[PDB]
């Protein structure tokens, strides 16, 4: 009722990555998504499949495709495709990114950089060396996003190839998994106090979602309402240990 307007005022103000930096960063941390192609076998229809991928240094998704797969034959007959990424694949209100582009076979000089980028995200994918597997790269044309579907907070927009490639991946997001886990399972009481302090909302619960150099996001519950809150750090975190120090300081501040 009145808190849903208090949330809006906090969300509009809290420090966060710029839109293009957020999309570049979420894409770089994702490893799987839904590929849309033109169906080669069912002429006139599009087609979807689940694929693993890894962004190369430029942010271009790298795919390891079997010559036996339906989507591979699709891509060889028509390279124009799209890749749909969901930050939380079952969060109906999450960020959703669609990257449209053109699948191209990776050149021989690029095989080594591409193999390492892919294995960095899929360390047990020994099959990438099999003869029937090749690496393909989706060269972006446009990257579109939508977030907060079925909520008051809806954001959307698109970035050109040049805008997306020029953005830097946030160097702190890579530490997201260990920090959020250790905090959600052992210090969930600290998270709510910090959230309580900085948004003035008494939160029944608060689970850390993701993390970047400017702060972290949480899923919070009050009454029969669940919603997301941005928790900015008092200053930009410079490395992993710095993330830990900043949370301690923010906890200390709430005990005052």
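Positions refer to the first chain, counted from 1.
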Between 89-97 and 115-123 (mean CA B-factor, as deposited), the higher: 89-97
Per the entry, higher mean C-alpha B factor between 20-28 and 236-244: 236-244
Deposited CA B-factor, highest of 153, 145, 135, 164: 153
Residue, from 194, 62, 68, 57, that the PDB entry assigns the highest Cα B-factor: 194
Third of chain Cα B-factors occupied by residue 106: middle
Residue 227, C-alpha B-factor rank within chain (lowest, middle or highest third): highest
Residue 74 by Cα B-factor - lowest, middle or highest third of the modelled chain: lowest
Residue 212 - which third its CA temperature factor falls in, relative to the rest of the chain: middle
Cα B factor band for residue 173 (lowest, middle or highest third within the chain): middle
